Amino acid sequence: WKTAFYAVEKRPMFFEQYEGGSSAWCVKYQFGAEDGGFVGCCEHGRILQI
Amino acid sequence: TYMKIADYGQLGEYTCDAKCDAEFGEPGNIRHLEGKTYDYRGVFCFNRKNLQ
């Protein structure tokens with residue numbers, strides 16, 4: 001697995017008060033994260049079926 | 001000239017405690033008006049001997 005499938009991480013989870021859309025009586029929070037993944041060389045794995 | 005502020009508006013309203021907003025209120029006027037000043041003058045003469 002260390003070379004058959006790679007995981008790509010760009011920016012971890014983050015939270016922030018969304019100034020704008022939030023007034024003196026109601027807050028609007030906004031969270032997010034950015035990541036991805038792909039396969040490496042797929043002659044390194046295998047799968048079992050019926 | 002000078003200021004004359006007419007009347008403060010009605011701003012607050014005692015809204016319900018659910019809405020995420022206020023409600024607009026009436027404005028106030030200031031009425032920058034002016035005023036002038038007058039002058040007062042006159043004269044009087046004399047002789048010179050008849051005053052000595």
# chains A, B, ... in the order shown; residues from 1 in each chain; ligands from 1

call {"tool": "interface_residues", "arguments": {"of": "chain B", "to": "chain A", "cutoff": "12 Å", "atoms": "only C-alpha atoms", "output": "PDB file with N, CA and C atoms, in the first residue's frame"}}
result
ATOM      1  N   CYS B  16     -38.801  40.779  18.239  1.00  0.00           N
ATOM      2  CA  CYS B  16     -38.809  39.442  18.802  1.00  0.00           C
ATOM      3  C   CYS B  16     -37.395  38.884  18.839  1.00  0.00           C
ATOM      4  N   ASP B  17     -37.172  37.950  19.750  1.00  0.00           N
ATOM      5  CA  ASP B  17     -35.841  37.392  19.977  1.00  0.00           C
ATOM      6  C   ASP B  17     -35.605  36.145  19.131  1.00  0.00           C
ATOM      7  N   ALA B  18     -35.925  36.215  17.856  1.00  0.00           N
ATOM      8  CA  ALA B  18     -35.547  35.143  16.942  1.00  0.00           C
ATOM      9  C   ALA B  18     -34.880  35.651  15.676  1.00  0.00           C
ATOM     10  N   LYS B  19     -35.323  36.785  15.145  1.00  0.00           N
ATOM     11  CA  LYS B  19     -34.824  37.256  13.862  1.00  0.00           C
ATOM     12  C   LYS B  19     -33.380  37.718  13.979  1.00  0.00           C
ATOM     13  N   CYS B  20     -32.605  37.472  12.928  1.00  0.00           N
ATOM     14  CA  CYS B  20     -31.207  37.892  12.889  1.00  0.00           C
ATOM     15  C   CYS B  20     -31.046  39.254  12.221  1.00  0.00           C
ATOM     16  N   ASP B  21     -31.831  40.241  12.642  1.00  0.00           N
ATOM     17  CA  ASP B  21     -31.768  41.561  12.026  1.00  0.00           C
ATOM     18  C   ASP B  21     -32.602  42.536  12.839  1.00  0.00           C
ATOM     19  N   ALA B  22     -32.294  43.816  12.676  1.00  0.00           N
ATOM     20  CA  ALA B  22     -33.076  44.888  13.265  1.00  0.00           C
ATOM     21  C   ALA B  22     -34.132  45.343  12.261  1.00  0.00           C
TER      22      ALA B  22
END

call {"tool": "residues_around", "arguments": {"residues": "range 8-19 of chain A", "least_positions_apart": "5", "cutoff": "9 Å", "atoms": "only C-alpha atoms", "output": "MDAnalysis selection string"}}
result
chainID A and resid 27:38

call {"tool": "atom_distance", "arguments": {"atom1": "CA of residue 36 in chain B", "atom2": "CA of residue 7 in chain B"}}
result
24.7 Å

call {"tool": "residues_around", "arguments": {"residues": "range 37-44 of chain B", "least_positions_apart": "3", "cutoff": "12 Å", "atoms": "only C-alpha atoms", "output": "list in words"}}
result
residues 1, 34 and 47 of chain B

call {"tool": "atom_distance", "arguments": {"atom1": "CA of residue 6 in chain A", "atom2": "CA of residue 46 in chain A"}}
result
15.8 Å

call {"tool": "select_by_dssp", "arguments": {"residues": "chain A", "states": "strand (DSSP E or B)", "output": "PyMOL selection string"}}
result
chain A and resi 5-17+29-39

call {"tool": "closest_residue", "arguments": {"among": "B:46, B:30, B:35, B:24", "to": "residue 12 in chain B", "atoms": "only C-alpha atoms"}}
result
B:24

call {"tool": "residues_around", "arguments": {"residues": "range 27-29 of chain B", "least_positions_apart": "6", "cutoff": "10 Å", "atoms": "only C-alpha atoms", "output": "JSON, numbers by chain"}}
result
{"B": [3, 4, 5, 6, 7, 8, 9, 10, 11]}

call {"tool": "atom_distance", "arguments": {"atom1": "CA of residue 43 in chain A", "atom2": "CA of residue 3 in chain A"}}
result
10.4 Å
